[PDB]
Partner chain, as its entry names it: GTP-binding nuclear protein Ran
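Here's a solo chain for you in structure tokens, the form deposited without its partner chain.
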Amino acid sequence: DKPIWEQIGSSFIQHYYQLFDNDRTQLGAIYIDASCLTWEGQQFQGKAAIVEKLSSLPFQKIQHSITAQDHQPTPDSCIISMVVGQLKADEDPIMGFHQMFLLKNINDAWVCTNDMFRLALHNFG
């Protein structure tokens, strides 16, 4: 009785972070040539540029934890998902993050066409 979009969105999220936290050089499998990534405000178009950027991050170990995830179907048969959570890389402070994914079913598989990620900064005084 759980909607298809929640089932698919939840499984996609789990798989994405599993790949991210263990071997991000293998993340291309979930993107396509026409994909777009926005990381910390910077945009990257196309699978090649996206995998290059993600693989390039100066972290040795990364772990994501999901606080909440919401999924909805969109008018063009896609699935849109919003994730709020925390992340811990190396010995950097744990920080919150927000991420959005748009999934489309192509060739009988759900892949990501749009990925937007932003890490929270702490507001100092």
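Numbering follows the first chain given and starts at 1.
This protein has a second form, the form solved in complex with its partner chain, left out of what is shown; the following refers to that one.
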Hey, in the bound PDB entry, is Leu87 touching its partner chain, heavy atoms inside 4.5 Å? yes
Looking at the partner-bound form in the bound PDB entry, is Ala49 within 4.5 Å of its partner chain by any heavy atom? no
From first to last in sequence, which residues of 15-52 have any non-hydrogen atom within 4.5 angstroms of its partner chain in the bound PDB entry? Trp39, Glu40
